[PDB]
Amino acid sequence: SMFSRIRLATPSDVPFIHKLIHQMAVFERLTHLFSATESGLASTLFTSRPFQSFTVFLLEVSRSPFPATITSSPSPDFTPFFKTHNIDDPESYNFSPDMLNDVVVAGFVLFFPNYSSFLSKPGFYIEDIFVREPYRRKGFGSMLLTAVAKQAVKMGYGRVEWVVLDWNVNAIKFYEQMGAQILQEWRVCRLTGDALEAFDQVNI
């Protein structure tokens, strides 16, 4: 048996969030895009309460059962999610929130509220899901997505949204099986870098 739990991240989890983002960049061969720092994460991710703005769920695993609750959870609207599964992790020591306890961080989902004007209802947008290598091929990416959807339902939020690569045919079919719809008409536009910084010069 391997036990898993999904909980809310708090400021003390910044080292693990930093390392998970780095491993995600390594996995994607995108480390040239990585400039995240622990200070940057610590000063930006936790300026609001969970679900108020940026929110991170952490996936943790253990060979022994987790506690049934988290009494110190940073939100009153959240109780952890759990699953039991029927493994060598050399990086365990860099992912243990309590060095003496047999629990390691295995993945994360980062999400934040979006909004539907026509409904006057918030929803969630999922920005990143990443599961580190020893825990891959076990369905944990889907478990983290499911956790965000379940939280949206508990809170009465209107929609959960994310993006998918046009060619990722297997993920598209997976999302459709869940009842999600791929909105074929929209394209994402991004203003960044020197192009964004040039707006400093507009006389308004």
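Start at 1 and count along the sequence shown; that's the residue number. Just so we're on the same page, rigid core means the largest C-alpha set that superposes within 1.5 Å between forms.
**Student:** If you line up the core and then measure how far each C-alpha sits from this form in 5 other deposited structures of this protein, which stretch comes out higher, 116-124 or 102-110?
**Tutor:** Comparing 116-124 with 102-110, the larger C-alpha deviation in 5 other deposited structures of this protein belongs to 116-124.
**Student:** Relative to this form, superposed by the core, which stretch has the greater CA RMS in 5 other deposited structures of this protein: 60-68 or 173-181?
**Tutor:** Of the two stretches, the larger average C-alpha offset in 5 other deposited structures of this protein falls on 173-181.
**Student:** Are coordinates for residue 73 absent from at least a third of the other PDB entries that model its neighbours?
**Tutor:** Yes.
**Student:** Deposited residues absent from the coordinates between residue 86 and residue 87, none, 1 to 3, 4 to 9, or 10 or more?
**Tutor:** The entry leaves 4 to 9 residues without coordinates here.
**Student:** Identify the stretch, either 171-179 or 58-66, whose C-alpha atoms have the larger mean B-factor according to the entry.
**Tutor:** On average, C-alpha B-factors are higher across 171-179.
**Student:** State which stretch shows the higher mean Cα B factor in the entry: 121-129 or 73-81.
**Tutor:** Averaged over C-alpha atoms, the B-factors run higher in 73-81.
**Student:** Is residue 38 in the lowest, middle or highest third of its chain when residues are ranked by C-alpha B-factor?
**Tutor:** As the PDB entry reports it, the C-alpha B-factor of residue 38 lands in the lowest third of its chain.
**Student:** Determine, from the deposited record, the chain-internal third of the Cα B-factor for residue 193: lowest, middle or highest.
**Tutor:** Highest third - that is where residue 193 ends up once the chain's C-alpha B-factors are sorted.
**Student:** Compared with the other modelled residues in the chain, in which third is the CA B-factor of residue 184?
**Tutor:** Residue 184: CA B-factor falls in the highest third of its chain.
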